[PDB]
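A.B. asks: So that you have it, the file is final28.pdb, and it contains PDB, C-alpha atoms:
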```pdb
ATOM      1  CA  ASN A   1     -46.224  50.853 -21.161  1.00  0.00           C
ATOM      2  CA  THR A   2     -47.706  48.729 -23.938  1.00  0.00           C
ATOM      3  CA  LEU A   3     -45.533  46.294 -25.868  1.00  0.00           C
ATOM      4  CA  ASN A   4     -45.145  46.439 -29.627  1.00  0.00           C
ATOM      5  CA  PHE A   5     -46.302  43.239 -31.313  1.00  0.00           C
ATOM      6  CA  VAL A   6     -44.023  41.714 -33.951  1.00  0.00           C
ATOM      7  CA  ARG A   7     -45.422  39.673 -36.839  1.00  0.00           C
ATOM      8  CA  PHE A   8     -43.128  37.278 -38.672  1.00  0.00           C
ATOM      9  CA  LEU A   9     -44.417  38.141 -42.148  1.00  0.00           C
ATOM     10  CA  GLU A  10     -43.625  41.823 -41.584  1.00  0.00           C
ATOM     11  CA  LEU A  11     -39.955  40.975 -41.025  1.00  0.00           C
ATOM     12  CA  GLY A  12     -37.394  40.817 -43.806  1.00  0.00           C
ATOM     13  CA  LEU A  13     -36.270  37.380 -42.654  1.00  0.00           C
ATOM     14  CA  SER A  14     -39.441  35.859 -44.155  1.00  0.00           C
ATOM     15  CA  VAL A  15     -37.811  35.846 -47.617  1.00  0.00           C
ATOM     16  CA  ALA A  16     -35.345  33.268 -46.327  1.00  0.00           C
ATOM     17  CA  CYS A  17     -38.060  30.611 -46.010  1.00  0.00           C
ATOM     18  CA  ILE A  18     -41.340  29.439 -47.509  1.00  0.00           C
ATOM     19  CA  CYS A  19     -43.760  28.564 -44.720  1.00  0.00           C
ATOM     20  CA  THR A  20     -46.567  26.031 -44.983  1.00  0.00           C
ATOM     21  CA  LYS A  21     -49.037  24.706 -42.428  1.00  0.00           C
ATOM     22  CA  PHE A  22     -49.258  20.984 -41.695  1.00  0.00           C
ATOM     23  CA  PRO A  23     -51.640  19.699 -38.990  1.00  0.00           C
ATOM     24  CA  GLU A  24     -50.628  16.018 -38.881  1.00  0.00           C
ATOM     25  CA  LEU A  25     -46.928  16.685 -38.315  1.00  0.00           C
ATOM     26  CA  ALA A  26     -46.611  14.383 -35.291  1.00  0.00           C
ATOM     27  CA  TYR A  27     -47.666  11.333 -37.345  1.00  0.00           C
ATOM     28  CA  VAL A  28     -44.916  11.640 -39.987  1.00  0.00           C
ATOM     29  CA  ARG A  29     -42.355   8.855 -39.663  1.00  0.00           C
ATOM     30  CA  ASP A  30     -40.064  10.183 -42.413  1.00  0.00           C
ATOM     31  CA  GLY A  31     -40.623  12.851 -45.073  1.00  0.00           C
ATOM     32  CA  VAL A  32     -38.535  13.115 -48.234  1.00  0.00           C
ATOM     33  CA  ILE A  33     -38.223  15.369 -51.275  1.00  0.00           C
ATOM     34  CA  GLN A  34     -36.591  14.438 -54.571  1.00  0.00           C
ATOM     35  CA  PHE A  35     -34.303  16.154 -57.075  1.00  0.00           C
ATOM     36  CA  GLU A  36     -33.823  15.104 -60.720  1.00  0.00           C
ATOM     37  CA  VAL A  37     -31.061  17.309 -62.167  1.00  0.00           C
ATOM     38  CA  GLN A  38     -29.476  16.595 -65.563  1.00  0.00           C
ATOM     39  CA  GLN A  39     -26.204  18.028 -66.834  1.00  0.00           C
ATOM     40  CA  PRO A  40     -25.173  19.201 -70.340  1.00  0.00           C
ATOM     41  CA  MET A  41     -22.543  17.600 -72.569  1.00  0.00           C
ATOM     42  CA  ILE A  42     -19.613  18.828 -74.643  1.00  0.00           C
ATOM     43  CA  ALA A  43     -18.504  17.294 -77.939  1.00  0.00           C
ATOM     44  CA  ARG A  44     -14.858  16.771 -78.871  1.00  0.00           C
ATOM     45  CA  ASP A  45     -12.629  14.337 -80.735  1.00  0.00           C
ATOM     46  CA  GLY A  46      -9.127  12.937 -80.460  1.00  0.00           C
ATOM     47  CA  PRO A  47      -7.581  10.338 -78.131  1.00  0.00           C
ATOM     48  CA  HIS A  48     -10.445  10.474 -75.633  1.00  0.00           C
ATOM     49  CA  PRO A  49     -13.360   8.121 -74.924  1.00  0.00           C
TER      50      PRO A  49
ATOM     51  CA  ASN B   1     -29.740 101.800 -16.772  1.00  0.00           C
ATOM     52  CA  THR B   2     -32.953  99.787 -16.884  1.00  0.00           C
ATOM     53  CA  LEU B   3     -32.608  96.139 -15.908  1.00  0.00           C
ATOM     54  CA  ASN B   4     -33.696  93.564 -18.485  1.00  0.00           C
ATOM     55  CA  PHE B   5     -36.105  91.084 -16.920  1.00  0.00           C
ATOM     56  CA  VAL B   6     -35.804  87.419 -17.901  1.00  0.00           C
ATOM     57  CA  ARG B   7     -38.843  85.142 -18.059  1.00  0.00           C
ATOM     58  CA  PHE B   8     -38.281  81.430 -17.532  1.00  0.00           C
ATOM     59  CA  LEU B   9     -40.612  80.189 -20.269  1.00  0.00           C
ATOM     60  CA  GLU B  10     -38.877  82.091 -23.072  1.00  0.00           C
ATOM     61  CA  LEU B  11     -35.625  80.300 -22.225  1.00  0.00           C
ATOM     62  CA  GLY B  12     -34.869  77.020 -23.941  1.00  0.00           C
ATOM     63  CA  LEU B  13     -34.172  75.337 -20.608  1.00  0.00           C
ATOM     64  CA  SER B  14     -37.931  75.042 -20.018  1.00  0.00           C
ATOM     65  CA  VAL B  15     -38.069  72.190 -22.550  1.00  0.00           C
ATOM     66  CA  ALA B  16     -36.212  69.897 -20.132  1.00  0.00           C
ATOM     67  CA  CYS B  17     -38.918  70.040 -17.455  1.00  0.00           C
ATOM     68  CA  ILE B  18     -42.694  70.102 -17.056  1.00  0.00           C
ATOM     69  CA  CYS B  19     -43.915  72.708 -14.571  1.00  0.00           C
ATOM     70  CA  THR B  20     -47.102  72.698 -12.520  1.00  0.00           C
ATOM     71  CA  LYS B  21     -48.355  74.831  -9.645  1.00  0.00           C
ATOM     72  CA  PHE B  22     -49.066  73.376  -6.222  1.00  0.00           C
ATOM     73  CA  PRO B  23     -50.329  75.694  -3.450  1.00  0.00           C
ATOM     74  CA  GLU B  24     -50.359  72.954  -0.789  1.00  0.00           C
ATOM     75  CA  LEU B  25     -46.710  71.985  -1.238  1.00  0.00           C
ATOM     76  CA  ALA B  26     -45.637  72.775   2.328  1.00  0.00           C
ATOM     77  CA  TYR B  27     -48.040  70.095   3.639  1.00  0.00           C
ATOM     78  CA  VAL B  28     -46.669  67.059   1.761  1.00  0.00           C
ATOM     79  CA  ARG B  29     -44.608  64.361   3.443  1.00  0.00           C
ATOM     80  CA  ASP B  30     -43.534  62.000   0.640  1.00  0.00           C
ATOM     81  CA  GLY B  31     -44.946  62.322  -2.855  1.00  0.00           C
ATOM     82  CA  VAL B  32     -44.818  59.095  -4.845  1.00  0.00           C
ATOM     83  CA  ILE B  33     -44.747  58.318  -8.570  1.00  0.00           C
ATOM     84  CA  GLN B  34     -45.378  54.758  -9.770  1.00  0.00           C
ATOM     85  CA  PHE B  35     -44.267  52.646 -12.733  1.00  0.00           C
ATOM     86  CA  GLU B  36     -45.551  49.377 -14.227  1.00  0.00           C
ATOM     87  CA  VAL B  37     -43.200  48.063 -16.932  1.00  0.00           C
ATOM     88  CA  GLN B  38     -43.685  44.723 -18.691  1.00  0.00           C
ATOM     89  CA  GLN B  39     -41.198  42.871 -20.879  1.00  0.00           C
ATOM     90  CA  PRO B  40     -41.598  40.602 -23.927  1.00  0.00           C
ATOM     91  CA  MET B  41     -40.458  36.989 -24.091  1.00  0.00           C
ATOM     92  CA  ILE B  42     -39.002  34.722 -26.789  1.00  0.00           C
ATOM     93  CA  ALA B  43     -39.605  30.990 -27.300  1.00  0.00           C
ATOM     94  CA  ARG B  44     -36.910  28.355 -27.770  1.00  0.00           C
ATOM     95  CA  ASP B  45     -36.289  24.620 -27.550  1.00  0.00           C
ATOM     96  CA  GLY B  46     -33.507  22.179 -26.743  1.00  0.00           C
ATOM     97  CA  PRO B  47     -31.722  22.153 -23.367  1.00  0.00           C
ATOM     98  CA  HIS B  48     -32.998  25.576 -22.320  1.00  0.00           C
ATOM     99  CA  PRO B  49     -35.567  26.256 -19.577  1.00  0.00           C
TER     100      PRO B  49
END
```
Would you kindly transcribe this structure into structure tokens?
C.D. replies:
Amino acid sequence: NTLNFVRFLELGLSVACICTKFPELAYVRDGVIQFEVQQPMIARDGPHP
Amino acid sequence: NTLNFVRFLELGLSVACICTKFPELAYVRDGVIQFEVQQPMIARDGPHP
């Protein structure tokens, strides 16, 4: 018998991740990403600051 | 009454077997069929061999 070969991009699990190639991975001491999220505001009066 | 002859190939039981003729069947000692089956393999990390 001959095996069937599975490719990862053909699977439906590939829409759970975004892959990217990175050759110098062993030289990374620490990698970070940043988020800058701002929130809306309500307006009201009365006995509140 | 005339007897109704039955042929084996018209029956639906012939789909469960493949038939072949062999005139020199009385001179066999041990016929042998052979199989070669391979299996796939997955890759992991951590404390697994």
A.B. asks: Fit chain A to chain B, using all C-alpha atoms paired in sequence order for the least-squares superposition, and then show me the result as a PDB file with C-alpha atoms, in the frame of the given file.
C.D. replies:
```pdb
ATOM      1  CA  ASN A   1     -29.794 101.880 -17.394  1.00  0.00           C
ATOM      2  CA  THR A   2     -32.832  99.603 -17.298  1.00  0.00           C
ATOM      3  CA  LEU A   3     -32.428  95.877 -16.728  1.00  0.00           C
ATOM      4  CA  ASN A   4     -33.709  93.286 -19.167  1.00  0.00           C
ATOM      5  CA  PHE A   5     -36.261  90.962 -17.582  1.00  0.00           C
ATOM      6  CA  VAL A   6     -35.845  87.226 -18.170  1.00  0.00           C
ATOM      7  CA  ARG A   7     -38.839  84.881 -18.214  1.00  0.00           C
ATOM      8  CA  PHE A   8     -38.278  81.180 -17.626  1.00  0.00           C
ATOM      9  CA  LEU A   9     -40.697  80.020 -20.326  1.00  0.00           C
ATOM     10  CA  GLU A  10     -38.831  82.058 -22.946  1.00  0.00           C
ATOM     11  CA  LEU A  11     -35.639  80.110 -22.226  1.00  0.00           C
ATOM     12  CA  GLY A  12     -34.696  76.904 -24.001  1.00  0.00           C
ATOM     13  CA  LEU A  13     -34.095  75.173 -20.677  1.00  0.00           C
ATOM     14  CA  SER A  14     -37.873  74.922 -20.145  1.00  0.00           C
ATOM     15  CA  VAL A  15     -37.995  71.816 -22.376  1.00  0.00           C
ATOM     16  CA  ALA A  16     -35.959  69.984 -19.751  1.00  0.00           C
ATOM     17  CA  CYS A  17     -38.834  70.066 -17.249  1.00  0.00           C
ATOM     18  CA  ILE A  18     -42.616  70.067 -16.982  1.00  0.00           C
ATOM     19  CA  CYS A  19     -43.697  72.629 -14.399  1.00  0.00           C
ATOM     20  CA  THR A  20     -46.875  72.444 -12.341  1.00  0.00           C
ATOM     21  CA  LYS A  21     -48.216  74.624  -9.543  1.00  0.00           C
ATOM     22  CA  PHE A  22     -49.031  73.132  -6.144  1.00  0.00           C
ATOM     23  CA  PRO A  23     -50.220  75.389  -3.293  1.00  0.00           C
ATOM     24  CA  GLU A  24     -50.236  72.891  -0.405  1.00  0.00           C
ATOM     25  CA  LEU A  25     -46.630  71.781  -0.877  1.00  0.00           C
ATOM     26  CA  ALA A  26     -45.613  72.324   2.758  1.00  0.00           C
ATOM     27  CA  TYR A  27     -48.200  69.791   3.992  1.00  0.00           C
ATOM     28  CA  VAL A  28     -46.915  66.842   1.921  1.00  0.00           C
ATOM     29  CA  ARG A  29     -45.275  64.210   4.112  1.00  0.00           C
ATOM     30  CA  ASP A  30     -44.173  61.993   1.206  1.00  0.00           C
ATOM     31  CA  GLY A  31     -45.145  62.016  -2.477  1.00  0.00           C
ATOM     32  CA  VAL A  32     -44.669  59.033  -4.779  1.00  0.00           C
ATOM     33  CA  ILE A  33     -45.164  58.136  -8.436  1.00  0.00           C
ATOM     34  CA  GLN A  34     -45.444  54.624  -9.843  1.00  0.00           C
ATOM     35  CA  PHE A  35     -44.138  52.788 -12.904  1.00  0.00           C
ATOM     36  CA  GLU A  36     -45.594  49.557 -14.339  1.00  0.00           C
ATOM     37  CA  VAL A  37     -43.291  48.453 -17.178  1.00  0.00           C
ATOM     38  CA  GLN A  38     -43.600  45.020 -18.813  1.00  0.00           C
ATOM     39  CA  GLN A  39     -40.976  43.344 -20.976  1.00  0.00           C
ATOM     40  CA  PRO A  40     -41.331  41.174 -24.122  1.00  0.00           C
ATOM     41  CA  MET A  41     -40.452  37.488 -24.428  1.00  0.00           C
ATOM     42  CA  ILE A  42     -38.528  35.340 -26.893  1.00  0.00           C
ATOM     43  CA  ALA A  43     -39.412  31.752 -27.783  1.00  0.00           C
ATOM     44  CA  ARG A  44     -36.814  29.015 -28.227  1.00  0.00           C
ATOM     45  CA  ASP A  45     -36.332  25.305 -27.622  1.00  0.00           C
ATOM     46  CA  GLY A  46     -33.551  22.944 -26.627  1.00  0.00           C
ATOM     47  CA  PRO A  47     -31.856  22.247 -23.279  1.00  0.00           C
ATOM     48  CA  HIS A  48     -33.190  25.406 -21.635  1.00  0.00           C
ATOM     49  CA  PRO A  49     -35.988  26.017 -19.118  1.00  0.00           C
TER      50      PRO A  49
END
```
A.B. asks: Need the shell around residue 19 of chain B: protein/DNA/RNA residues with any atom at most 12 Å away, counting all atoms listed in the file. Skip same-chain ones fewer than 6 positions apart. Format as a list in words?
C.D. replies: residues 8, 9 and 13 of chain B
A.B. asks: Give me, as a PDB file with C-alpha atoms, in the coordinates of the input, the residues of chain B touching chain A, with the criterion being at most 8 Å (counting only C-alpha atoms).
C.D. replies:
```pdb
ATOM      1  CA  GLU B  36     -45.551  49.377 -14.227  1.00  0.00           C
ATOM      2  CA  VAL B  37     -43.200  48.063 -16.932  1.00  0.00           C
ATOM      3  CA  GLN B  38     -43.685  44.723 -18.691  1.00  0.00           C
ATOM      4  CA  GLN B  39     -41.198  42.871 -20.879  1.00  0.00           C
ATOM      5  CA  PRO B  40     -41.598  40.602 -23.927  1.00  0.00           C
TER       6      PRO B  40
END
```
A.B. asks: How big is the axis-aligned box around all listed atoms of segment 30-39 of chain A once 3 Å goes on each side, and where's its centre, in Å to one decimal, as JSON?
C.D. replies:
```
{"center_x": -33.4, "center_y": 14.1, "center_z": -54.6, "size_x": 20.4, "size_y": 13.8, "size_z": 30.4}
```
A.B. asks: Could you state the separation of atom CA of residue 30 of chain B and atom CA of residue 15 of chain B in Å, given to one decimal place?
C.D. replies: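 These two atoms are separated by 25.9 Å.
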A.B. asks: One decimal, Å: what's the distance from atom CA of residue 20 of chain B over to atom CA of residue 35 of chain B, could you say?
C.D. replies: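 Atom-to-atom, atom CA of residue 20 of chain B to atom CA of residue 35 of chain B, that is 20.3 Å.
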A.B. asks: To one decimal place in Å, what is the distance between atom CA of residue 42 of chain B and atom CA of residue 14 of chain A?
C.D. replies: 17.4 Å
A.B. asks: Some atoms are absent from segment 12-36 of chain A, so rebuild N, CA, C and O atoms and return them as a PDB file, in the frame of the given file.
C.D. replies:
```pdb
ATOM      1  N   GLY A  12     -38.130  41.130 -42.598  1.00  0.00           N
ATOM      2  CA  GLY A  12     -37.394  40.817 -43.806  1.00  0.00           C
ATOM      3  C   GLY A  12     -36.722  39.466 -43.805  1.00  0.00           C
ATOM      4  O   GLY A  12     -36.095  39.098 -44.802  1.00  0.00           O
ATOM      5  N   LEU A  13     -36.828  38.722 -42.705  1.00  0.00           N
ATOM      6  CA  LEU A  13     -36.270  37.380 -42.654  1.00  0.00           C
ATOM      7  C   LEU A  13     -37.217  36.363 -43.278  1.00  0.00           C
ATOM      8  O   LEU A  13     -36.819  35.222 -43.526  1.00  0.00           O
ATOM      9  N   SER A  14     -38.453  36.766 -43.582  1.00  0.00           N
ATOM     10  CA  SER A  14     -39.441  35.859 -44.155  1.00  0.00           C
ATOM     11  C   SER A  14     -39.147  35.492 -45.602  1.00  0.00           C
ATOM     12  O   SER A  14     -39.819  34.610 -46.144  1.00  0.00           O
ATOM     13  N   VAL A  15     -38.175  36.143 -46.237  1.00  0.00           N
ATOM     14  CA  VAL A  15     -37.811  35.846 -47.617  1.00  0.00           C
ATOM     15  C   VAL A  15     -36.629  34.881 -47.600  1.00  0.00           C
ATOM     16  O   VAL A  15     -36.021  34.587 -48.634  1.00  0.00           O
ATOM     17  N   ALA A  16     -36.300  34.358 -46.427  1.00  0.00           N
ATOM     18  CA  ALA A  16     -35.345  33.268 -46.327  1.00  0.00           C
ATOM     19  C   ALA A  16     -36.021  31.914 -46.190  1.00  0.00           C
ATOM     20  O   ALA A  16     -35.326  30.899 -46.099  1.00  0.00           O
ATOM     21  N   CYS A  17     -37.350  31.869 -46.178  1.00  0.00           N
ATOM     22  CA  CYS A  17     -38.060  30.611 -46.010  1.00  0.00           C
ATOM     23  C   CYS A  17     -39.418  30.703 -46.682  1.00  0.00           C
ATOM     24  O   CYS A  17     -39.939  31.793 -46.929  1.00  0.00           O
ATOM     25  N   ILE A  18     -39.988  29.542 -46.976  1.00  0.00           N
ATOM     26  CA  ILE A  18     -41.340  29.439 -47.509  1.00  0.00           C
ATOM     27  C   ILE A  18     -42.134  28.588 -46.520  1.00  0.00           C
ATOM     28  O   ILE A  18     -41.922  27.376 -46.391  1.00  0.00           O
ATOM     29  N   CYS A  19     -43.032  29.234 -45.785  1.00  0.00           N
ATOM     30  CA  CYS A  19     -43.760  28.564 -44.720  1.00  0.00           C
ATOM     31  C   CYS A  19     -45.001  27.872 -45.265  1.00  0.00           C
ATOM     32  O   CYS A  19     -45.629  28.336 -46.220  1.00  0.00           O
ATOM     33  N   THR A  20     -45.350  26.750 -44.643  1.00  0.00           N
ATOM     34  CA  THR A  20     -46.567  26.031 -44.983  1.00  0.00           C
ATOM     35  C   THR A  20     -47.085  25.305 -43.751  1.00  0.00           C
ATOM     36  O   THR A  20     -46.304  24.790 -42.948  1.00  0.00           O
ATOM     37  N   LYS A  21     -48.404  25.283 -43.602  1.00  0.00           N
ATOM     38  CA  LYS A  21     -49.037  24.706 -42.428  1.00  0.00           C
ATOM     39  C   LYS A  21     -49.325  23.229 -42.658  1.00  0.00           C
ATOM     40  O   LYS A  21     -49.689  22.812 -43.760  1.00  0.00           O
ATOM     41  N   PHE A  22     -49.159  22.439 -41.603  1.00  0.00           N
ATOM     42  CA  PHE A  22     -49.258  20.984 -41.695  1.00  0.00           C
ATOM     43  C   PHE A  22     -49.772  20.457 -40.363  1.00  0.00           C
ATOM     44  O   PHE A  22     -49.017  20.380 -39.382  1.00  0.00           O
ATOM     45  N   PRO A  23     -51.057  20.093 -40.282  1.00  0.00           N
ATOM     46  CA  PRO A  23     -51.640  19.699 -38.990  1.00  0.00           C
ATOM     47  C   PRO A  23     -51.151  18.359 -38.459  1.00  0.00           C
ATOM     48  O   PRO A  23     -50.876  18.234 -37.263  1.00  0.00           O
ATOM     49  N   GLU A  24     -51.036  17.353 -39.321  1.00  0.00           N
ATOM     50  CA  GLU A  24     -50.628  16.018 -38.881  1.00  0.00           C
ATOM     51  C   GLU A  24     -49.114  15.850 -38.932  1.00  0.00           C
ATOM     52  O   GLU A  24     -48.600  14.912 -39.536  1.00  0.00           O
ATOM     53  N   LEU A  25     -48.382  16.760 -38.289  1.00  0.00           N
ATOM     54  CA  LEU A  25     -46.928  16.685 -38.315  1.00  0.00           C
ATOM     55  C   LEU A  25     -46.393  15.613 -37.376  1.00  0.00           C
ATOM     56  O   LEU A  25     -45.355  15.007 -37.662  1.00  0.00           O
ATOM     57  N   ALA A  26     -47.088  15.352 -36.269  1.00  0.00           N
ATOM     58  CA  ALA A  26     -46.611  14.383 -35.291  1.00  0.00           C
ATOM     59  C   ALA A  26     -46.739  12.941 -35.764  1.00  0.00           C
ATOM     60  O   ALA A  26     -46.142  12.054 -35.146  1.00  0.00           O
ATOM     61  N   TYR A  27     -47.496  12.682 -36.829  1.00  0.00           N
ATOM     62  CA  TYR A  27     -47.666  11.333 -37.345  1.00  0.00           C
ATOM     63  C   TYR A  27     -46.706  10.985 -38.474  1.00  0.00           C
ATOM     64  O   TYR A  27     -46.783   9.871 -38.999  1.00  0.00           O
ATOM     65  N   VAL A  28     -45.813  11.890 -38.862  1.00  0.00           N
ATOM     66  CA  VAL A  28     -44.916  11.640 -39.987  1.00  0.00           C
ATOM     67  C   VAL A  28     -43.717  10.849 -39.481  1.00  0.00           C
ATOM     68  O   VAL A  28     -42.980  11.308 -38.605  1.00  0.00           O
ATOM     69  N   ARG A  29     -43.528   9.643 -40.020  1.00  0.00           N
ATOM     70  CA  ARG A  29     -42.355   8.855 -39.663  1.00  0.00           C
ATOM     71  C   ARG A  29     -41.106   9.391 -40.345  1.00  0.00           C
ATOM     72  O   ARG A  29     -40.056   9.539 -39.710  1.00  0.00           O
ATOM     73  N   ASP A  30     -41.206   9.699 -41.638  1.00  0.00           N
ATOM     74  CA  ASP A  30     -40.064  10.183 -42.413  1.00  0.00           C
ATOM     75  C   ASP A  30     -40.591  10.851 -43.671  1.00  0.00           C
ATOM     76  O   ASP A  30     -41.338  10.230 -44.430  1.00  0.00           O
ATOM     77  N   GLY A  31     -40.212  12.103 -43.893  1.00  0.00           N
ATOM     78  CA  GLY A  31     -40.623  12.851 -45.073  1.00  0.00           C
ATOM     79  C   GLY A  31     -39.426  13.133 -45.964  1.00  0.00           C
ATOM     80  O   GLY A  31     -38.349  13.480 -45.476  1.00  0.00           O
ATOM     81  N   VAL A  32     -39.616  12.969 -47.270  1.00  0.00           N
ATOM     82  CA  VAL A  32     -38.535  13.115 -48.234  1.00  0.00           C
ATOM     83  C   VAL A  32     -38.992  14.003 -49.381  1.00  0.00           C
ATOM     84  O   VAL A  32     -40.185  14.095 -49.686  1.00  0.00           O
ATOM     85  N   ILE A  33     -38.026  14.680 -50.008  1.00  0.00           N
ATOM     86  CA  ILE A  33     -38.223  15.369 -51.275  1.00  0.00           C
ATOM     87  C   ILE A  33     -37.174  14.840 -52.243  1.00  0.00           C
ATOM     88  O   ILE A  33     -36.167  14.255 -51.840  1.00  0.00           O
ATOM     89  N   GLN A  34     -37.422  15.033 -53.534  1.00  0.00           N
ATOM     90  CA  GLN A  34     -36.591  14.438 -54.571  1.00  0.00           C
ATOM     91  C   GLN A  34     -36.119  15.484 -55.567  1.00  0.00           C
ATOM     92  O   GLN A  34     -36.848  16.427 -55.888  1.00  0.00           O
ATOM     93  N   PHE A  35     -34.901  15.295 -56.065  1.00  0.00           N
ATOM     94  CA  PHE A  35     -34.303  16.154 -57.075  1.00  0.00           C
ATOM     95  C   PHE A  35     -33.875  15.310 -58.266  1.00  0.00           C
ATOM     96  O   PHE A  35     -33.261  14.254 -58.097  1.00  0.00           O
ATOM     97  N   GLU A  36     -34.213  15.768 -59.472  1.00  0.00           N
ATOM     98  CA  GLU A  36     -33.823  15.104 -60.720  1.00  0.00           C
ATOM     99  C   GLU A  36     -33.139  16.146 -61.597  1.00  0.00           C
ATOM    100  O   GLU A  36     -33.793  16.796 -62.415  1.00  0.00           O
TER     101      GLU A  36
END
```
